[PDB]
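Undergrad: Experimental coordinates for this protein are included below, preceded by the sequence.
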Amino acid sequence: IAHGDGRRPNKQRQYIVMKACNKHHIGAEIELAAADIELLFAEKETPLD
Amino acid sequence: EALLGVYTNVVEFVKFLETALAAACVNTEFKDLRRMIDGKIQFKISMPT
């Protein structure tokens, strides 16, 4: 608050505080059949039934 | 002292579709046999009387 007329503040304070990021670990598993990966990508790029 | 010759076998094989054994089987080569687990083809066979 501004000065004057019987009002004496504890004049402007400034912190500088260094805080930490906190790491979090998330695991997931995807299982894929090897038949689909191989048939959808072939050297002979003729279309599929 | 000499080195009079240097020789080596070359292996050639008659593959399956060129033998006479394919006269006793029908060959239908499929793209990826890992796709289907079990074939369970069912036949309705009817005798005459």
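TA: Received it, and whenever you're ready, just let me know what you need. Numbering: from 1, shown residues only, chains lettered A, B, ... in the order given.

Undergrad: Chain A contacts on chain B?
TA: By C-beta under 8 Å from any C-beta of the partner chain, the residues of chain B that approach chain A are B:31, B:32, B:34, B:35. The way it works is simple: take the backbone N, C-alpha and C, and place the C-beta from them, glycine included.

Undergrad: Which members of those are the farthest-apart pair?
TA: Farthest pair in those (C-beta to C-beta) is B:31 and B:34. Separation: 9.9 Å.

Undergrad: ok, and the closest non-adjacent residue to the spatially most central residue of chain B?
TA: Per C-alpha atoms, centre = their mean, the C-alpha nearest to the average position across chain B is that of residue B:16, at 4.3 Å. The spatial neighbour of residue B:16 that comes closest, neighbours along the chain excluded (C-beta to C-beta, 6 or more residues apart in numbering or on different chains), is residue B:22 at 6.6 Å.

Undergrad: count of neighbours near the one you found?
TA: Residues near residue B:22, counting by other C-beta atoms under 10 Å in any protein chain shown, number 12.

Undergrad: for it, helix, strand, or coil?
TA: Reduced to three states with DSSP: H, G, I helix; E, B strand; the rest coil, the structure at residue B:22 is helix.

Undergrad: how close does it sit to chain A?
TA: Distance from residue B:22 to chain A, counting by C-beta to the nearest C-beta, to the nearest Å: 24 Å.
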